[PDB]
Structure formats: C-alpha cells, structure tokens
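**Q** Quick one: structure below, then a few questions.
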Amino acid sequence: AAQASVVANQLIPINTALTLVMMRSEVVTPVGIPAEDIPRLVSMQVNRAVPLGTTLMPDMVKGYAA
C-alpha cells in the first residue's frame, strides 16, 4: 500500500549525477527504489535518461545495490 518510491522531479539526463532537486517521492506502482534511499542516491549517476515523473528503478542507477 503506501510505500513511496523515488520519482524523477525533472528529466534526469543520462550519466548525470543525482542531486536532491531531482528526486521527489510518490506512492506509485510498480514500486521503485524506496524513498528512504534518496540520501544514498545523491551523486550516483543514472545510466539512462529518466523522463519527468518516471519511477527510479534499481537498474537505472549505476552502482546501486539496496
């Protein structure tokens, strides 16, 4: 039910390091990376362009292991 995931708050370009303005949290389905992990994701890079409103999934972040 209400487990929130990290959702792109703006288009995140390929190979760009994540900053806090890029990530909001929302209850979406399917469930992506948990909102609690946003501190962890800061400065990690995405391996693909992530369009606005996309749920960030573990396989989109280089080096992410939960």
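Here, residue 1 is simply the first one shown, and the rest follow in order.
Here the Cβ of each residue, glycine as well, is placed from N, Cα and C on the backbone.
Taken from Swiss-Prot, the feature domain 'AFP-like' covers 5-64. According to Swiss-Prot, the site 'Important for ice-binding' annotation covers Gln10, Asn15, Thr19, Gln45.
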**Q** Helix, strand or coil by DSSP: which one applies to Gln45 (site 'Important for ice-binding')?
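**A** Strand, per DSSP.
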**Q** Specify the count of other C-beta atoms within 10 Å of the C-beta of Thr19 (site 'Important for ice-binding').
**A** 13
**Q** With every protein chain in view, how many other Cβ atoms are within 10 Å of the Cβ of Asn15 (site 'Important for ice-binding')?
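**A** Around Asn15 (site 'Important for ice-binding'), other Cβ atoms within 10 Å: 11.
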**Q** Within 10 Å of the Cβ of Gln10 (site 'Important for ice-binding'), how many other Cβ atoms can you find? Include all protein chains, please.
**A** 14
**Q** Can you give me the Cα-Cα distance between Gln10 (site 'Important for ice-binding') and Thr19 (site 'Important for ice-binding') in Å, rounded to a whole number?
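**A** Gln10 (site 'Important for ice-binding') and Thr19 (site 'Important for ice-binding') have their Cα atoms 11 Å apart.
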**Q** C-alpha of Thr19 (site 'Important for ice-binding') to C-alpha of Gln45 (site 'Important for ice-binding'): distance in Å?
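**A** The Cα atom of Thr19 (site 'Important for ice-binding') is 10 Å away from the Cα atom of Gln45 (site 'Important for ice-binding').
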